[PDB]
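Now for the letters of each chain:
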Amino acid sequence: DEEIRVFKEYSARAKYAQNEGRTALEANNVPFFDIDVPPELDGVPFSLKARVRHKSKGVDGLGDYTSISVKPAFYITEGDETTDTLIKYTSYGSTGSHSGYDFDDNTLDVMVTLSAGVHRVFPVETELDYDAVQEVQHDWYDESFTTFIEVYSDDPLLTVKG
Ligand SMILES: [Ca+2]
Ligand SMILES: [Ca+2]
């Protein structure tokens, strides 16, 4: 069995966000999930992933051939869920028009090194595309063309075996 530890699934489009700290993102209703890092993973790098869908064609009335640059990230509290400082994690960028075919879904795949205890994770889109700004007046904290279908880990360090 190739085990998968699911952390969360999201149906809503992820919001554009710069690294403005935990309080700012929560104020703007950026959904999150918490990960409780156990003592045996205290300060130990592990793999965190997301199934990511980019879909731009006609979204908010955007042109079907408009090129949209994307770069999803996790923003994760360095301290616990009550602290503000966030660390940025990215792994890929993509560009051009996006149809959002499930067989084209991308994978954010990062190495995360965290202290023991709870950390809050914000799945976000970090790239605000200028064509989007001009065509459909997208700005920071608007819903982007990026959706975190599922956040997960297939790292044996995190999964329940079976
Ligand atoms: Ca296995
Ligand atoms: Ca563009």
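Residues numbered from 1 in each chain as written, not as in the entry; some residues may be left out. Chains lettered and ligands numbered in written order. Heavy atoms only, no water. Residues with missing side-chain atoms left out of burial classes, pairs and counts.

If you check the header, you'll see the entry was determined by X-ray crystallography and the resolution is listed as 2.26 Å.

(A) Region of interest: the environment of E3. Positionally, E3 belongs in the segment before β1 (5-9). Exposure remark for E3: the relative accessible area of 18% places this residue in the buried category. Among the polar contacts made by the side chain of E3, one reaches the main-chain amide nitrogen of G162 at a distance of 2.8 Å. (Helix = DSSP H or I, 4+ residues; strand = E, 2+ residues; numbered from the N terminus. Buried < 20%, exposed > 50% of the residue type's maximum accessible area, 1.4 Å probe, protein only. Polar contact = N/O pair within 3.5 Å; in protein donor to acceptor, adjacent residues only side chain to side chain.)

(B) The environment of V52, seen in detail. The topology assignment puts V52 in strand β3 (residues 46-54). Contacts of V52, omitting those with residues within four sequence positions, involve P72, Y92, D105, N106, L108, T146, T147 and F148. (Contact = heavy atoms within 4.5 Å.)

(C) Region of the structure containing the nonpolar core. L48, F74, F148 and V151 are the most contacted members of the largest nonpolar core, which has 23 residues in total. At the level of elements, β2 (33-37), β3, β4 (72-77), β6 (106-112) and β8 (146-153) are the ones that each hand at least two residues to this core. Once residues lying within four places of it in the same chain are set aside, the contact partners of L48 are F7, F33, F74, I76, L108, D109, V110, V112, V151, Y152 and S153. (Core = buried A, V, L, I, M, F, W, Y, C linked by side-chain atoms within 4.5 Å.)

(D) Focus on the coordination of the calcium ion (ligand 2). The coordination sphere of the calcium ion (ligand 2), as far as protein atoms go, consists of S67 (O), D129 (OD), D129 (OD) and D131 (OD), spread over 2.4 to 2.6 Å. Binding-site remark: the calcium ion (ligand 2) is held by donors from one chain whose sequence spacing is S-x61-D-x1-D. Of this pair, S67 sits in the loop between β3 and β4 while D131 is found in helix α2 (residues 130-136), placing the two residues 64 residues apart along the sequence. Assessed through its relative accessible area of 33%, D131 is described here as partly exposed. (Donors = N, O, S within 2.8 Å, 3.2 Å for Na, K, Ca; no water.)

(E) Main features of the packing of aromatic side chains. Under the definition given, this model contains five aromatic pairs. Geometrically, the ring pair formed by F7 and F33 is stacked, given 5.4 Å between the ring centres and 25° between the ring planes. Of the two residues, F7 sits in strand β1 while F33 sits in strand β2, which places them 26 residues apart along the sequence. As far as the burial class goes, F7 and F33 line up, both buried. (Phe/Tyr/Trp six-rings, centres within 6.5 Å; stacked < 30°, edge-to-face > 60°.)

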